[PDB]
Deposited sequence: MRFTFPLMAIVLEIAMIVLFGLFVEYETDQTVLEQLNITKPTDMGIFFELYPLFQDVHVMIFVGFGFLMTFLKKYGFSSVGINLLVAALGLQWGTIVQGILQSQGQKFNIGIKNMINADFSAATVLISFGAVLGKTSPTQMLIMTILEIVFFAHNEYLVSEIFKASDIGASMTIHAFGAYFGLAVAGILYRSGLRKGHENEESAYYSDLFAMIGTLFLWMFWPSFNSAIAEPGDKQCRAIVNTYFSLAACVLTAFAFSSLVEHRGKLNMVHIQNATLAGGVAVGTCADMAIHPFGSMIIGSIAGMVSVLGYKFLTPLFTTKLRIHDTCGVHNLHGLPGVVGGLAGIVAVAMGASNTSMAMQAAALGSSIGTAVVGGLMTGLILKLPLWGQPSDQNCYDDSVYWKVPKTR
């Protein structure tokens, strides 16, 4: 009622400690730089990407930190228990990387409901979404045996669709026309560019960390690098195209510049060529800007799904472009493994995300977690001590 959030967090930490004590024991320095880049993407990249809101920077970065810090522990436990089939396991650098990937999926879902949820709801969403995400990625990697090294399907599409499903269940009628606080400021947009640029720079490590050392890891780095480079050009061009008087919009420049990194993930270690990554990146940037311009108003006003950060345009549509690219790549001989297995990976990702998101959102709707009122959405002052001076 007043002590709900500290109580739930301490209970969760005690549970994490018990699970580590029962199940967790102790290439590493080859992959540690890549893990560090992934870590910076998790905590600075997504953390400051969402600080564009003028009255929500504290909650954006701080709840990002809280969600991701709980998520790395819980994802370690869940992914390791899945890999070990219920027995004790030793953790190495790959366990940490995969746990940060799980936290990334939860943060993508967080970007959909940003400014409309409490930290308690975010703890609950972290715990449930890591379970759904980890079971889906186990199904994709071990049952389907598909190729998703950058996880366009198991991270980006899954997280974006799980978030939209929570956002639709948690939909508020008062917010459909808009909100006075759902607005950026100048220095808020500069902080959001901090997050954008760190994500953009370290994405090759994100897509290549789990790739096989040698040709596949190098291909993943090169493909991500050039896909992002092409994505920037198309995102700027179409942001000028769609907006009034041809003026750039910082929402597009902050988000659609990462669509090429999202859309190359499934094909990253595949031999698609530098030109192929650049074509995907160029399309992903165009699709992301067009989504922000046209799909987000349609989704908000007509479908009653409100996406605060437009994660559907950064992670959802570019994630489906990535899965679609991988099926086409298998068709063209870029990679082995079945075309149908890649298609099944895409379908399982999207479907399990929408099922799990709806059930998690049903748990979140309960009026027991201190969610803000319609008037107090996108406002740090509900949960934070806010300085008088900006």
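A.B. asks: So, counting the deposited sequence from position 1, which segments are absent from the coordinates?
C.D. replies: Model skips only 27-45 of the deposited chain.
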